[PDB]
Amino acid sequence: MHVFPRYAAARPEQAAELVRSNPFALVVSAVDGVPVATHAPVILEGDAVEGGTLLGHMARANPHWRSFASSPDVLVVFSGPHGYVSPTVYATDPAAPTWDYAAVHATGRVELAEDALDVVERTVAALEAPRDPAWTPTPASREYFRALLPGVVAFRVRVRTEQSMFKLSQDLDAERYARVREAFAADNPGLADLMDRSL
């Protein structure tokens, strides 16, 4: 990821906001010299991505985690709303398409987490608490969780560096920008809500 100045985060709290709202992340490591990636839920501990702690889990049957033992640097990609921008929307005669999106990339040293129960319980609360209705583990779910523990591996990442991208057509003139926003308001309201949060 290269962040063009025009597409940088406007306020530094928008990164944590994206990360909290889009926990189904991509966890990436360099198994040998080749990237390997797992789709896993990853939550944030603290106010800032930068310098905070990420917590996640994956299947013990997924051999990816066996590569975390040496504590290599890992990259975690959080992806927010995204949408293709067609020149059909622009209605100008010379144009070129693009893709609008928001993402946060966090890099740091990974570590296997011994308290897998904490991790998965915190992840539940993270996903269920904003929902309506929210789900709270009944006491038998808590015992069920314990029975699932042998099959899960939890990990943590101390974020060394963080990069945020908010590529939301801000480089567009007034008229073309309005067209882009109103099409996403119809088609993709999460993306349109972010182009308001960018003004």
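All residue numbers refer to positions in the sequence shown, first residue = 1.
150-158 versus 131-139: which one carries the higher mean Cα B factor per the record?
According to the PDB entry, the answer is 131-139.
Per the entry, where is the mean C-alpha temperature factor higher: 106-114 or 77-85?
Stretch with the greater average CA B-factor: 106-114.
Candidate set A40, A174, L44, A37 [ranked by C-alpha B-factor, highest]:
Largest recorded C-alpha B-factor: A174.
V31 - Cα temperature factor, lowest/middle/highest third of chain:
Highest third, going by the recorded CA B-factors of the chain.
For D93, the third of its chain into which the C-alpha B factor falls:
CA B-factor rank for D93: highest third.
Once the chain's modelled residues are ordered by C-alpha B factor and cut into thirds, is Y144 in the lowest, middle or highest one?
For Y144, the deposited C-alpha B-factor lands in the highest third.
What third of its chain, lowest, middle or highest, does the C-alpha temperature factor of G52 fall into?
Middle third.
How does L18 rank on Cα B-factor within its chain, lowest, middle or highest third?
Its C-alpha B-factor, which the entry lists for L18, ranks in the lowest third among residues of this chain.
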